[PDB]
Amino acid sequence: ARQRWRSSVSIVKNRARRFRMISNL
Amino acid sequence: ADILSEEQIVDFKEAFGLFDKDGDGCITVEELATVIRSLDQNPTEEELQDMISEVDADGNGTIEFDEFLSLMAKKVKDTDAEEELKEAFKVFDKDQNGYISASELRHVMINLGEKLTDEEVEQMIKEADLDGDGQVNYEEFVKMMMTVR
Ligand SMILES: [Ca+2]
Ligand SMILES: [Ca+2]
Ligand SMILES: [Ca+2]
Ligand SMILES: [Ca+2]
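Calculation notes
- Residues numbered from 1 in each chain as written, not as in the entry; some residues may be left out.
- Chains lettered and ligands numbered in written order.
- Heavy atoms only, no water.
- Helix = DSSP H or I, 4+ residues; strand = E, 2+ residues; numbered from the N terminus.
- Contact = heavy atoms within 4.5 Å.
- Buried < 20%, exposed > 50% of the residue type's maximum accessible area, 1.4 Å probe, protein only.
- Donors = N, O, S within 2.8 Å, 3.2 Å for Na, K, Ca; no water.
- UniProt positions renumbered as here; feature names shortened; annotations may be inferred.
- Buried area = accessible area lost by both parts, 1.4 Å probe.
- Salt bridge = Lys/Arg side-chain N within 4 Å of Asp/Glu carboxyl O.
- Polar contact = N/O pair within 3.5 Å; in protein donor to acceptor, adjacent residues only side chain to side chain.
- Arc of directions from axis to C-beta.
- Core = buried A, V, L, I, M, F, W, Y, C linked by side-chain atoms within 4.5 Å.
- Expected span 1.5 Å × (residues − 1).
- Domains from an automatic or database assignment.

Going by the header, the method for this PDB entry is solution NMR.

All names here are of chain B. Considering the arrangement of structural elements, one finds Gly61 in the loop between α3 (45–55) and β2 (62–64). A sequence separation of 39 residues divides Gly61 from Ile100, and the C-alpha atoms of the two residues are 41 Å apart. Once residues lying within four places of it in the same chain are set aside, the contact partners of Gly61 are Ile27, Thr28 and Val29.

Its location among the elements puts A:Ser8 in helix α1 (residues 2–15). The exposure class assigned to A:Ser8 is buried, which follows from its relative accessible area of 0%. Among all residues touching A:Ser8, those that are not within four sequence positions of it are B:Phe92, B:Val108, B:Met109 and B:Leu112.

Once that is clear, we can look at the coordination of the calcium ion (ligand 3). At 2.6 to 2.9 Å from the calcium ion (ligand 3) lie its protein donor atoms, namely B:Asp93 (OD), B:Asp95 (OD), B:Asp95 (OD), B:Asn97 (OD1), B:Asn97 (ND2), B:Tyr99 (O), B:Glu104 (OE) and B:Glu104 (OE). Ordering the donors of the calcium ion (ligand 3) by residue number gives the pattern D-x1-D-x1-N-x1-Y-x4-E.

The sites that carry the UniProt feature "domain: EF-hand" (unreviewed entry) are, in the present numbering, residues 7–42, 43–78, 80–115 and 116–149 of chain B. Along residues 80–115 of chain B one finds 58% helix and 8% strand; the C-alpha atoms at either end are 31 Å apart.

Our focus in this paragraph is the interface of chain B and chain A. Contact with chain B, which involves 41 residues of that partner, is made by 21 residues of chain A. Buried surface at the junction of chain B and chain A, summed over both partners, amounts to about 3200 Å²; 68% is from carbon and sulfur atoms. There are 2 salt bridges connecting chain B and chain A. Among the salt bridges present, the one from A:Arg20 reaches B:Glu83, with a minimum N-O distance of 4.0 Å. Viewed at the interface, chain A and chain B are joined by 6 residue pairs in polar contact.

Among all positions of helix α2 (residues 29–37) of chain B, only B:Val29, B:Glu31, B:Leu32, B:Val35 and B:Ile36 are buried. Buried residues in α2(B), looked at end-on, bunch into an arc of 160°, giving them a common side. Across α2(B) from its buried face, at more than 90 degrees, point the exposed residues B:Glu30 and B:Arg37. Here the buried face of α2(B) lies against α2 (20–24) of chain A together with α1 (6–19), β1 (26–28) and α3 of chain B.

This paragraph deals with the nonpolar core. Ranked by internal contacts, the top residues of the largest apolar core, which has 20 residues, are A:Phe19, A:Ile22, B:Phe19, B:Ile27, B:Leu32 and B:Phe68. The set of elements that each furnish at least two residues to this core consists of α1, α2, α3 and α4 (65–74) of chain B. In this structure, A:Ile22 is in contact with B:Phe19, B:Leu32, B:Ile36, B:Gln41, B:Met51 and B:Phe68, ignoring residues within four places of it in sequence. Listed in part, the 16 residues of the second largest apolar core include A:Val12, B:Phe89, B:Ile125 and B:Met144.

This part covers the coordination of the calcium ion (ligand 4). Residues and elements named next belong to chain B. For the calcium ion (ligand 4), every protein donor is listed as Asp129 (OD), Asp131 (OD), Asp133 (OD), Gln135 (O), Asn137 (ND2), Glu140 (OE) and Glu140 (OE), and the spread of their distances is 2.6 to 2.7 Å. The sequence pattern formed by the donor residues of the calcium ion (ligand 4) is D-x1-D-x1-D-x1-Q-x1-N-x2-E. A relative accessible area of 37% places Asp133 in the partly exposed class. You can call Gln135 partly exposed: its relative accessible area is 26%.

In this model helix α5 (residues 81–92) of chain B runs 16 Å from its N-terminal to its C-terminal C-alpha over 12 residues, within 8% of the 16 Å that 1.5 Å per residue would give. Buried residues along α5(B) sit against α1 and α2 of chain A together with β3 (99–101), α6 (102–110), β4 (135–137) and α8 (138–146) of chain B.

Let us look at the domain arrangement of chain B. In terms of domains, chain B is made up of domain 1 (1–77) and domain 2 (78–149). A straight line from the C-alpha centre of domain 1 of chain B to that of domain 2 of chain B covers 28 Å.

Following this line, the structure appears as structure tokens:
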């Protein structure tokens, strides 16, 4: 289940509802 | 596999619509500033204008869907652990109780377009949960993201 776990985190990164990129800058 | 489905553009499309309160089609520095300002932070307009013009080829002063998509879709690394480690946990632990509940992880899961089963749900969280307490603590999460083994 480590795959799905990472997928959830990886997918979240792509979704970035907070805009990690823009938010950071 | 390289599937890539509407679920990808949809997620971005949804977020984009959020940035553009006046669904004009293109996000403007002003609108962007308002959203950013209401994000618990207020960066200098200097980098904001430069950053926007940096990606926006025709640097028209607004980010188009195509630009927004590639902008994020392209940039996806880290450069900040405390950011990804905290941002993720913050999302998983919505209630921010220090533990990830199946229900919380259940949504964060299917909410991504995935139909799991009772068996999968168990191993899904039960696997990460080292204490088998049907919950995952931030500590366990960090270790799971580190060694993983
Ligand atoms: Ca607009
Ligand atoms: Ca542009
Ligand atoms: Ca919780
Ligand atoms: Ca645990």
